[PDB]
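Okay, so here's just one chain, in structure tokens, the form deposited in one PDB entry.
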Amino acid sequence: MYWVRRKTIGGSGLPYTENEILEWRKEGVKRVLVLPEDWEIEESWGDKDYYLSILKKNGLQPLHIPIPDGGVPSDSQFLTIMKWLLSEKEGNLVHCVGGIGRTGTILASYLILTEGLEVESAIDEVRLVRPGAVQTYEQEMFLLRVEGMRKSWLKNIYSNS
């Protein structure tokens, strides 16, 4: 597990045991954004729901947003992911299976939106704490798109009464 912004947001791969989840807890994790698909989660936990209840039983509020390996979230998913990550600032953890592609993309996107970092700075930051962050061309294209549409993403994230 690694932090991109000390105790506010970080990433990791799929935990194999509850002990690893408790390690998360000790490190300061409070909420968990789950990105792998059901079958990936099931490889270590047998059942997606069972994994989710385990996180919940350990004091971690989980949100499951399935993203195909190598892929990027759809626009609606991105909106959901961002509304969720922006609702509670402390202890956010984002994880996929190995902890590099999908997770690095979400993390970089978060920094682009919250700090206004240019796409290359955001990518370089995540890659420095986690080499290989952001794997595919598709993810690289998505990130550039996040920077380009930053204002619109923000406007859509905060659409309120």
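All residue numbers are counted from 1 along the displayed sequence.
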Next item on the list: Report the stretch with the higher mean CA temperature factor, choosing between 15-23 and 144-152 on the basis of the entry.
Entry: 15-23
Notebook entry, point to check: Which has higher Cα B-factors on average according to the PDB entry: 102-110 or 39-47?
Noted result: 39-47
Next item on the list: By the entry's C-alpha temperature factors, tell me which of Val32, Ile67, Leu128, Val97 sits highest.
Entry: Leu128
Next item on the list: Check where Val119 lands among this chain's C-alpha B-factors and tell me if it's the lowest, middle or highest third.
Entry: middle
Margin query: Which third, lowest, middle or highest, does the C-alpha temperature factor of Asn92 belong to within its own chain?
Written below: lowest
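Beyond the structure shown, there is the form solved in complex with a partner chain, which is absent from this document and is the topic of what follows.
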Note to self: Which is the contacting stretch out of 120-128, 25-33, 57-65, 99-107, given heavy atoms within 4.5 Å of its partner chain in the deposited complex?
What the structure shows: 99-107
Note to self: So in the deposited complex, is its partner chain close enough to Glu43 to count as touching (4.5 Å, heavy atoms)?
What the structure shows: no
Notebook entry, point to check: Do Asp69 and its partner chain share at least one heavy atom pair within 4.5 Å in the deposited complex?
Noted result: yes
Notebook entry, point to check: Applying a 4.5 Å heavy atom distance criterion, does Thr114 contact its partner chain in the deposited complex?
Noted result: no
